[PDB]
Amino acid sequence: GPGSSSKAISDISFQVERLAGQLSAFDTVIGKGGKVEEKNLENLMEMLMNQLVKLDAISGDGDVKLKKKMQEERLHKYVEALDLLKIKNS
């Protein structure tokens with residue numbers, strides 16, 4: 001139900017910002033001339049996408065979908081940034 005939905009989205013948001021933290025680290029490393037293992041850029045890609053499917057699987061109406069929305073929208077932004085890091089790195 002509702003509470004169960006607000007909950008699922010909240011857990012994901014929490015994991016998503018932890019994922020953004022790892023992306024930010026890769027971004028700075030690669031941005032400063034350093035190198036990052038390709039498999040790590042790939043492992044991060046699957047984690048972001050994994051959160052995205054988990055999100056979509058969640059159903060809800062009202063604030064519950066407004067939240068999930070900005071969340072998968074944020075995830076889209078991260079996946080696309082990571083696509084550019086992969087190009088810039090390898």
# chains A, B, ... in the order shown; residues from 1 in each chain; ligands from 1
call {"tool": "residues_around", "arguments": {"residues": "stretch 62-77 of chain A", "least_positions_apart": "3", "cutoff": "12 Å", "atoms": "only C-alpha atoms", "output": "MDAnalysis selection string"}}
result
chainID A and resid 1:20 23 44:59 80:84
call {"tool": "decode", "arguments": {"residues": "chain A", "atoms": "C-alpha atoms", "output": "PDB file, in the first residue's frame"}}
result
ATOM      1  CA  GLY A   1       0.000   0.000   0.000  1.00  0.00           C
ATOM      2  CA  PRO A   2       0.793   3.777   0.223  1.00  0.00           C
ATOM      3  CA  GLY A   3       3.103   3.711   3.251  1.00  0.00           C
ATOM      4  CA  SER A   4       4.800   0.655   1.784  1.00  0.00           C
ATOM      5  CA  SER A   5       5.299   2.601  -1.458  1.00  0.00           C
ATOM      6  CA  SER A   6       6.601   5.794   0.161  1.00  0.00           C
ATOM      7  CA  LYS A   7       8.968   3.458   2.006  1.00  0.00           C
ATOM      8  CA  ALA A   8      10.304   1.651  -1.060  1.00  0.00           C
ATOM      9  CA  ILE A   9      11.025   4.966  -2.802  1.00  0.00           C
ATOM     10  CA  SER A  10      12.732   6.287   0.310  1.00  0.00           C
ATOM     11  CA  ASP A  11      15.056   3.255   0.517  1.00  0.00           C
ATOM     12  CA  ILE A  12      15.930   3.731  -3.155  1.00  0.00           C
ATOM     13  CA  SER A  13      16.571   7.465  -2.790  1.00  0.00           C
ATOM     14  CA  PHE A  14      18.963   6.635   0.017  1.00  0.00           C
ATOM     15  CA  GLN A  15      20.856   4.093  -2.123  1.00  0.00           C
ATOM     16  CA  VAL A  16      20.759   6.382  -5.162  1.00  0.00           C
ATOM     17  CA  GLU A  17      22.570   9.200  -3.335  1.00  0.00           C
ATOM     18  CA  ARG A  18      25.173   6.726  -2.143  1.00  0.00           C
ATOM     19  CA  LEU A  19      25.580   5.734  -5.812  1.00  0.00           C
ATOM     20  CA  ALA A  20      25.899   9.414  -6.807  1.00  0.00           C
ATOM     21  CA  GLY A  21      28.653   9.662  -4.243  1.00  0.00           C
ATOM     22  CA  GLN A  22      30.640   6.947  -5.981  1.00  0.00           C
ATOM     23  CA  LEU A  23      29.971   8.574  -9.371  1.00  0.00           C
ATOM     24  CA  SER A  24      31.176  11.931  -8.004  1.00  0.00           C
ATOM     25  CA  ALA A  25      34.409  10.238  -6.894  1.00  0.00           C
ATOM     26  CA  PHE A  26      34.914   8.687 -10.352  1.00  0.00           C
ATOM     27  CA  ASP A  27      34.051  12.025 -11.939  1.00  0.00           C
ATOM     28  CA  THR A  28      36.739  13.872  -9.962  1.00  0.00           C
ATOM     29  CA  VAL A  29      39.364  11.165 -10.534  1.00  0.00           C
ATOM     30  CA  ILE A  30      38.751  11.056 -14.276  1.00  0.00           C
ATOM     31  CA  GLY A  31      38.319  14.834 -14.421  1.00  0.00           C
ATOM     32  CA  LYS A  32      41.766  15.387 -12.926  1.00  0.00           C
ATOM     33  CA  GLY A  33      43.621  13.214 -15.433  1.00  0.00           C
ATOM     34  CA  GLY A  34      43.567  10.116 -13.245  1.00  0.00           C
ATOM     35  CA  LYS A  35      42.359   6.689 -14.345  1.00  0.00           C
ATOM     36  CA  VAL A  36      39.486   4.488 -13.149  1.00  0.00           C
ATOM     37  CA  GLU A  37      39.116   0.765 -13.801  1.00  0.00           C
ATOM     38  CA  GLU A  38      36.621   0.254 -16.624  1.00  0.00           C
ATOM     39  CA  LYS A  39      34.905  -2.662 -14.903  1.00  0.00           C
ATOM     40  CA  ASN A  40      34.122  -0.277 -12.020  1.00  0.00           C
ATOM     41  CA  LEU A  41      32.430   2.199 -14.349  1.00  0.00           C
ATOM     42  CA  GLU A  42      30.435  -0.777 -15.646  1.00  0.00           C
ATOM     43  CA  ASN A  43      29.628  -2.202 -12.213  1.00  0.00           C
ATOM     44  CA  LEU A  44      28.269   1.236 -11.233  1.00  0.00           C
ATOM     45  CA  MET A  45      26.175   1.310 -14.408  1.00  0.00           C
ATOM     46  CA  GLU A  46      24.377  -1.912 -13.456  1.00  0.00           C
ATOM     47  CA  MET A  47      23.757  -0.637  -9.920  1.00  0.00           C
ATOM     48  CA  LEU A  48      22.167   2.597 -11.177  1.00  0.00           C
ATOM     49  CA  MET A  49      20.011   0.671 -13.654  1.00  0.00           C
ATOM     50  CA  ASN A  50      19.149  -1.884 -10.985  1.00  0.00           C
ATOM     51  CA  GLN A  51      17.747   0.924  -8.815  1.00  0.00           C
ATOM     52  CA  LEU A  52      15.852   2.212 -11.838  1.00  0.00           C
ATOM     53  CA  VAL A  53      14.018  -1.089 -12.454  1.00  0.00           C
ATOM     54  CA  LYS A  54      13.319  -1.426  -8.713  1.00  0.00           C
ATOM     55  CA  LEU A  55      11.872   2.065  -8.799  1.00  0.00           C
ATOM     56  CA  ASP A  56       9.625   1.508 -11.833  1.00  0.00           C
ATOM     57  CA  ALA A  57       8.330  -1.735 -10.283  1.00  0.00           C
ATOM     58  CA  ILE A  58       6.923   0.469  -7.516  1.00  0.00           C
ATOM     59  CA  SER A  59       3.350   1.608  -8.041  1.00  0.00           C
ATOM     60  CA  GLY A  60       1.784   4.643  -6.428  1.00  0.00           C
ATOM     61  CA  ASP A  61      -0.363   7.737  -6.936  1.00  0.00           C
ATOM     62  CA  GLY A  62      -0.001  11.287  -5.674  1.00  0.00           C
ATOM     63  CA  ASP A  63       3.151  12.489  -3.898  1.00  0.00           C
ATOM     64  CA  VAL A  64       4.373   8.897  -4.195  1.00  0.00           C
ATOM     65  CA  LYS A  65       4.706   9.270  -7.982  1.00  0.00           C
ATOM     66  CA  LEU A  66       5.934  12.874  -7.825  1.00  0.00           C
ATOM     67  CA  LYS A  67       8.812  11.635  -5.670  1.00  0.00           C
ATOM     68  CA  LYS A  68       9.643   8.502  -7.675  1.00  0.00           C
ATOM     69  CA  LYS A  69       9.520  10.755 -10.739  1.00  0.00           C
ATOM     70  CA  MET A  70      12.229  13.251  -9.720  1.00  0.00           C
ATOM     71  CA  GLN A  71      14.101  10.161  -8.550  1.00  0.00           C
ATOM     72  CA  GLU A  72      14.221   8.212 -11.817  1.00  0.00           C
ATOM     73  CA  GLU A  73      14.767  11.583 -13.495  1.00  0.00           C
ATOM     74  CA  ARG A  74      17.814  12.008 -11.239  1.00  0.00           C
ATOM     75  CA  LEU A  75      18.900   8.474 -12.109  1.00  0.00           C
ATOM     76  CA  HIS A  76      18.589   9.259 -15.802  1.00  0.00           C
ATOM     77  CA  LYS A  77      20.928  12.180 -15.232  1.00  0.00           C
ATOM     78  CA  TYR A  78      23.458   9.897 -13.513  1.00  0.00           C
ATOM     79  CA  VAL A  79      23.362   7.169 -16.153  1.00  0.00           C
ATOM     80  CA  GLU A  80      23.900   9.746 -18.889  1.00  0.00           C
ATOM     81  CA  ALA A  81      26.779  11.376 -16.966  1.00  0.00           C
ATOM     82  CA  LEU A  82      28.338   7.945 -16.487  1.00  0.00           C
ATOM     83  CA  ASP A  83      27.991   7.306 -20.239  1.00  0.00           C
ATOM     84  CA  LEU A  84      30.223  10.338 -20.760  1.00  0.00           C
ATOM     85  CA  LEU A  85      32.686   9.195 -18.086  1.00  0.00           C
ATOM     86  CA  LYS A  86      33.050   5.851 -19.887  1.00  0.00           C
ATOM     87  CA  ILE A  87      33.837   7.631 -23.137  1.00  0.00           C
ATOM     88  CA  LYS A  88      36.222  10.062 -21.440  1.00  0.00           C
ATOM     89  CA  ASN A  89      37.957   7.255 -19.516  1.00  0.00           C
ATOM     90  CA  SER A  90      38.247   4.436 -22.069  1.00  0.00           C
TER      91      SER A  90
END
